[PDB]
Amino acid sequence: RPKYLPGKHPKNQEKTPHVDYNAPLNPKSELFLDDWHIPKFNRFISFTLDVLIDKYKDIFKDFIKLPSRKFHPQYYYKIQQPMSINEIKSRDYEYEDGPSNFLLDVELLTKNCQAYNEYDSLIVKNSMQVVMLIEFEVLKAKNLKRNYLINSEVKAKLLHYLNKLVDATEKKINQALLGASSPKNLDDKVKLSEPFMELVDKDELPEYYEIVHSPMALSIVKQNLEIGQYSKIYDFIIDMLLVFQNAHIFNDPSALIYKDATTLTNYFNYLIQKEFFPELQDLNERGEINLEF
């Protein structure tokens, strides 16, 4: 028998607090910071959601229809904007604020869930994974024009940046992200990557594998790169994001490893946007690398 029971686990709460529709879960996200357009956006949304429902049935199943109002009648006064995948599939997003409204309707799927249910439940962590996997797909579509095939030189650059991440310390990260506003005397010995290198033992911590549906570790990403499992840049990038996001799904917000997964997501993002991609643009123009699709 499994540690985590499935289904809804309503908080025992007379009054339930508002969910802020407008605030992104991640303000630092390029999904919200960047201007982007997917042509035939409505078609893209229905296609992509259907691929995911089929690939990830067990995770997606509770989010397809709105909660049953006969089993969960209190939901419809506790939650101000009930949301489901079928509801999103039935909406129009082909107007100027469409993309943004789409992401916020999607993020509702986890906000509403974390408001109704006990945080430490399978249903809540499933909802986080639903939102995460949807946003991965958008991230790939958004970055179509720079999602180059991993050829020999691109492979080598990605292995370099991956190693730079693995080797990063409190001092090095803060210097990169804050420059001359970095605090002095930060630690330069301990690598933040340490708890992310290897998967936890199935026999030691089985409930990990009830919660984290797509386990991933940095040593596995490295191996994947070396043997050619990633076809394009964003195939690599999403497995990296999966590594850090799974630690946020599994662990408590107040845990060190949760804090370090935030710090490493931020630093990885910095490496991709400010070092890796600009260096590729530069080497391309100088005719020292080929960037293929």
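Position 1 is the first residue in the sequence shown; the rest follow in order.
Enquirer: Which has the higher mean CA temperature factor in the PDB entry, 143 to 151 or 215 to 223?
Expert: For C-alpha atoms only, the mean B-factor is higher in 143 to 151.
Enquirer: For the higher mean C-alpha B factor in the entry, choose 89 to 97 or 189 to 197.
Expert: So the stretch with the higher mean C-alpha B-factor is 89 to 97.
Enquirer: By the entry's C-alpha temperature factors, tell me which of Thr169, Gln80, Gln129, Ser84 sits highest.
Expert: Largest recorded C-alpha B-factor: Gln80.
Enquirer: Taking only the Cα B-factors deposited for this chain, tell me whether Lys40 sits in the lowest, middle or highest third.
Expert: For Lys40, the deposited C-alpha B-factor lands in the highest third.
Enquirer: Rank-wise, by C-alpha B-factor, drop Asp120 into the lowest, middle or highest third of its chain.
Expert: CA B-factor rank for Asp120: middle third.
Enquirer: Sorting the chain's modelled residues by C-alpha B-factor, tell me whether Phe32 ends up in the lowest, middle or highest third.
Expert: Highest third, going by the recorded CA B-factors of the chain.
Enquirer: Would you mind ranking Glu204 by its C-alpha B-factor against the rest of the chain and naming the third, lowest, middle or highest?
Expert: Top third by C-alpha B-factor.
Enquirer: What third of its chain's C-alpha B-factors does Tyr267 belong to: lowest, middle or highest?
Expert: CA B-factor rank for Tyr267: lowest third.
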